[PDB]
*Asks:* 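Here you go, one structure.
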Amino acid sequence: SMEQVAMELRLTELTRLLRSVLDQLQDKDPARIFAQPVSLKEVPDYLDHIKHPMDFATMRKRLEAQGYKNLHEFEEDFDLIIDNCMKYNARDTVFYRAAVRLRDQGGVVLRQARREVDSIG
């Protein structure tokens with residue numbers, strides 16, 4: 001139908017906007033701490049601690065399959081990256097500190113994204 005197509009154009013455009021959001025958030029991680037999944041070879045107990053692992057590469061795969069229906073779903077995954085790290089790693093670590101800085105800097109980006117998603121519909 002013509003409606004299904006219209007819907008698909010909206011999802012494509014959301015995907016376009018979320019791709020630019022993802023790029024801006026990932027720039028706030030210049031150490032690449034969150035770029036890839038935590039290695040289960042190198043942290044074999046990880047899934048005993050963290051039940052829903054997340055990382056920027058995993059988000060990008062979902063994004064490119066148009067697997068984010070709305071900004072809320074995308075933000076859920078970004079929040080997992082941060083919250084997983086802040087639980088597994090102690091306060092005095094470069095990993096925890098990196099997550100705090102990503103959260104703080106990402107806030108700005110996500111605030112305007114929400115306005116843009118509502119604005120453009």
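For the numbers below, each heavy atom of this structure counts, side chains included, while hydrogens, waters and symmetry mates do not. Quick note: residue numbers are just sequence positions, from 1.
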*Asks:* Please name the pair of heavy atoms, one in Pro53 and one in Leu47, separated by the smallest distance, quoted to 0.1 Å.
*Replies:* CG-CD2, 3.5 Å
*Asks:* If I compare all heavy atoms of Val21 with all of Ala113, which pair ends up nearest, and what's the gap?
*Replies:* CG2-CB, 3.7 Å
*Asks:* Any chance you could lay out the side chain to side chain contact (heavy atoms under 4.5 Å, CB included) test for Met59 and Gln26, step after step, and finish with the verdict?
*Replies:* CA-CA 11 Å; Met59 291 188 63; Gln26 190 151 25; over 6 Å; no
*Asks:* Going through the distances and angles, do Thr15 and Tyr68 end up as a side chain to side chain contact (heavy atoms under 4.5 Å, CB included)?
*Replies:* CA-CA 7 Å; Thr15 305; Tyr68 294 116; over 6 Å; no
*Asks:* For the atom pair NZ (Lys87) and NZ (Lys51), what is the distance rounded to the nearest 0.5 Å?
*Replies:* 13.5 Å
*Asks:* Is there a donor-acceptor pair closer than 3.5 Å between any side-chain N or O of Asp118 and the backbone N or O of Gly121?
*Replies:* no
*Asks:* Under 4.0 Å between a side-chain nitrogen and a carboxylate oxygen: does that hold for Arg19 and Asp23?
*Replies:* no
*Asks:* Got a second to check how far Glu75's CD is from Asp79's CG, nearest 0.5 Å?
*Replies:* 6.5 Å
*Asks:* For residues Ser20 and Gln24, is any side-chain donor paired with an opposing acceptor at under 3.5 Å?
*Replies:* yes
*Asks:* Between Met86 and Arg91, does the side chain to side chain contact (heavy atoms under 4.5 Å, CB included) criterion hold? Intermediate values first, please.
*Replies:* CA-CA 7 Å; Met86 294 175 72; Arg91 222 157 25 252; over 6 Å; no
*Asks:* Might you point out which heavy atoms bring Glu73 and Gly67 nearest each other, and give the distance in Å?
*Replies:* OE1-O, 3.6 Å
*Asks:* So, taking the atom named CG in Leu18 and the one named CZ in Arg60, what distance separates them when rounded to the nearest 0.5 Å?
*Replies:* 11.5 Å
*Asks:* Report yes or no: do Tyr88 and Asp45 form a side-chain donor-acceptor pair below 3.5 Å?
*Replies:* yes
*Asks:* Is it the case that atom CZ in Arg101 sees more than 12 heavy atoms from other parts of the structure closer than 6.0 Å?
*Replies:* no
*Asks:* Hey, is the main chain of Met54 close enough, under 3.5 Å, to the side chain of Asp77 for a donor-acceptor pair?
*Replies:* no
*Asks:* Are side-chain N/O atoms of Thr58 and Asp55 paired as donor and acceptor at under 3.5 Å?
*Replies:* yes
*Asks:* If you measure from CD1 on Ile33 to SG on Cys85, what distance do you get to the nearest 0.5 Å?
*Replies:* 7.5 Å
*Asks:* When rounded to the nearest 0.5 angstrom, what distance separates CG in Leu102 from CZ in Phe34?
*Replies:* 5.5 Å
*Asks:* Given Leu17, which partner from the list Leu71, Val117, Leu22 fulfils the side-chain contact (heavy atoms from CB on, under 4.5 Å) test?
*Replies:* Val117
*Asks:* Could you tell me whether the side chain of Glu8 reaches within less than 4.5 Å of the side chain of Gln66, counting heavy atoms only?
*Replies:* no
*Asks:* Could you tell me the separation between the CG atom of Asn89 and the CZ atom of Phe95, rounded to the nearest 0.5 Å?
*Replies:* 6.0 Å
*Asks:* Test side chain to side chain contact (heavy atoms under 4.5 Å, CB included) on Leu110 and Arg114 and set out the steps.
*Replies:* CA-CA 6 Å; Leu110 291 167; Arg114 160 58 59 208; over 6 Å; no
*Asks:* Could you check if a side-chain atom of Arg97 sits within less than 4.5 angstrom of a side-chain atom of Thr93, using non-hydrogen atoms only?
*Replies:* no
